[PDB]
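Computed from the coordinates by the stated procedures, all read-outs in this text should not be read as laboratory data. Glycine gets a Cβ as well: all are built from the backbone with ideal geometry, and neighbour counts include every protein chain shown.
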């Protein structure tokens, strides 16, 4: 019986026929010639259910095709793969800011939730999208700003 | 050829010269005398690019010096380390609230 | 005592570099040290491994 | 003769038949050659040792990486034996006929 250790792959597909949040990847020995795997599970920092939330309780961010991931094998068996995380590298990363002063969460449409730690300017929290709706908590000045291109309703 | 298994370390630097989000760590066998490693990758729950977001899409929270982390090795090779996650311990945490409500 | 055996020369290796974002590939090679026995052994073992 | 002319029998067929004269029973074997030694000591004319065995011996010299998605043992056996240059007679008849996902 063989023993396996973690590898790198690329996410290929997303449309799970059984509706369980599984993905398809392509390994590095399939790169020149093409090919893909079966459906495998993705692990999360939080997952479960409750009485008020029947399904999908926790952190649900399923990978997009083209992503570079790390694949692990449970019990050492190469027939039991699963995805452990995603990686930033040369093709998709701009790194950290000066003194590491920005922490963000973004989706593919452009939605953003951002924290800025620079106390010498640009210090606060922002929640916005690309169309122009902003909610900004300003810590240097102790202000709150709400901006909408068209209408604000209370 | 040797085979390596995960172990703990401490973060010493964030300032990557190639601007790719890499960090430098200090292993437990470098504690008494001193030393560092080279730059290593950190894995994320979400990381990619898009057509509207050219770079830095996903969950971007890069560790800070003094953090306790777990280090894994790719293909079992001790020359291929990467950071898998951070740890809470005695000098770090106040734990969970009553009934885990926060 | 001189011996010969059957071996396979149809092999390749690969590597992915994320710091430079490049995929490397290498296939087989060319002989540089051979005898008359080496040539007969490799000519006999050629049809066995076509993949 | 020349050792490199003897070395041209690599991979050839070998037959072994044993007969019991009193009863008439038989035993037959067919195989292939995989190693050859040419030896000589003290200035004699030498001798030869032929080594080999069943054709499955020549299926043990090629480590690789591959995978099969959603097939049964019947199809996997045929695919493996179709990518080798060794000629063999096969009786393909397993008992587990269901599909194996990976």
Percent of beta bridges antiparallel (DSSP, the protein assembly as shown, rounded to nearest 5): 95 percent
Percentage relative contact order, chain B, counting C-alpha pairs under 8 Å, at least six apart: 29 percent
Of D:75, D:27, D:56, the one that fluctuates the most in a GNM where chain D has Cα springs shorter than 10 Å: D:27
Average beta-carbon neighbours from other chains, 10 Å sphere, peptide B:21-32: 1
Sorted by Cβ neighbour density within 10 Å, fewest at the top, the residues A:140, B:49, B:90: B:90, A:140, B:49
Rg to Rh quotient for the protein assembly as shown, alpha carbon positions, Kirkwood Rh: 1.13
Length-normalised contact order for chain C - Cα pairs under 8 Å, 6+ apart - percent: 44 percent
Over the protein assembly as shown: helical MRE at 222 nm, DSSP H runs n ≥ 4 each giving -39500 (n - 2.57), nearest 500: -1500 deg cm²/dmol
Among D:89, D:44, D:72: highest mean-square fluctuation, GNM of chain D, C-alpha pairs under 10 Å: D:44
Computed Kirkwood radius, in angstrom, where 1/r is averaged over Cα pairs of chain C: 13.6 Å
Inter-centroid distance (Cα atoms) of the range C:1-23 relative to the range D:27-53, Å: 31 Å
Taking the range D:2-83 and dividing mean pair separation by its residue count, relative contact order in percent (alpha carbons under 8 Å, at least six apart): 20 percent
If the convex hull is drawn through the Cα atoms of chain B, its volume per residue in Å³: 160 Å³
Rounded tilt (10° steps) of D:73-82 against the dominant C-alpha axis of chain D: 40 degrees
Chain D: C-alpha gyration tensor shape, a/c 1.5 cut-off, then a/b vs b/c: oblate
Cα centroid separation - the range A:21-89 against the range B:27-93, whole Å: 19 Å
